[PDB]
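Asks: here we go, the starting part of the complex in its complex frame:
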Amino acid sequence: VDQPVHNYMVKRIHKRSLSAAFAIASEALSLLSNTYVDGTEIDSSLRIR
């Protein structure tokens, strides 16, 4: 004669990641880090670029 059976199962978290890169030339860093020293006509177009 048979009797009912119960089950108990446990799983776990596996961890992953995603990495994406992004670069800037040092020319643009010098172009943005002025702090109110520059502002001539030819530099504004380069900053906008």
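Replies: The structure has been received and is ready for your questions. Numbers count the residues shown, from 1 in each chain, chains lettered A, B, ... in the order given.
Asks: all helices for chain A, in order.
Replies: Counting by DSSP state H, chain A has helices at residues A:26-32, A:41-48.
Asks: and of these, who's closest to residue A:10?
Replies: Of all the helices of chain A, helix A:26-32 sits nearest to residue A:10, with 50.8 Å by C-beta to C-beta. Quick note: C-beta positions are derived from backbone N, CA and C, even for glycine.
Asks: and that closest one, what does it pack onto?
Replies: Judged by 3 or more C-beta pairs under 8 Å, 6 or more residues apart in numbering; DSSP states H and E, helix A:26-32 is in contact with helix A:41-48.
Asks: and the helix it packs on, what other elements does it pack with?
Replies: Using 3+ C-beta pairs under 8 Å, 6+ apart, helix A:41-48 is in contact with helix A:26-32.
Asks: residues in contact with the helix it packs on?
Replies: Residues from elsewhere that reach helix A:26-32, judged by C-beta atoms under 8 Å, 6 or more residues apart in numbering: A:43, A:46, A:47.
Asks: any figure for the gap between the residue sitting furthest away from the middle of chain A and residue A:12?
Replies: In chain A, the greatest distance from the average C-alpha position (C-alpha atoms, centre = their mean) is reached by residue A:1, at 62.2 Å. Note on residue A:1: its distance to residue A:12, by C-beta to C-beta, to the nearest Å, is 37 Å.
Asks: tack on chain B:
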Amino acid sequence: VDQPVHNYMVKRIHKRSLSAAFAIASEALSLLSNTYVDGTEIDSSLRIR
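Replies: Chain B added:
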């Protein structure tokens, strides 16, 4: 890690031509350049032709 790329290309004009010809008989030249000399009834039909 991968970084996004940009592509710059330049394409160039190639130049060609088309040629067609058109001829005049010498009799038609000497007959179309009377400049009020003959005024006859027979050469008027040749001028129209």
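Asks: same as before for what packs on helix A:26-32, with chain B this time.
Replies: helix A:41-48 (3 or more C-beta pairs under 8 Å, 6 or more residues apart in numbering or on different chains; DSSP states H and E).
Asks: around chain B, pick out the residues from chain A.
Replies: Contact residues (C-beta under 8 Å from any C-beta of the partner chain) of chain A with chain B: A:19, A:20, A:21, A:22, A:23.
Asks: okay, now the second one: neighbour count?
Replies: Okay, so that is residue A:20. For residue A:20, the count of nearby residues is 8 (other C-beta atoms under 10 Å in any protein chain shown).
Asks: what's the local residue count around the residue nearest to it when sequence neighbours are not counted?
Replies: Spatial nearest neighbour of residue A:20, excluding adjacent residues (C-beta to C-beta, 6 or more residues apart in numbering or on different chains): residue B:1 at 6.7 Å. Counted with other C-beta under 10 Å, residues neighbouring residue B:1 total 6.
Asks: try residue A:31
Replies: When neighbours are counted by other C-beta under 10 Å, residue A:31 comes out with 16.
Asks: any idea how far it lies from residue B:3?
Replies: Applying C-beta to C-beta to residue A:31 and residue B:3 gives a distance of 20 Å.
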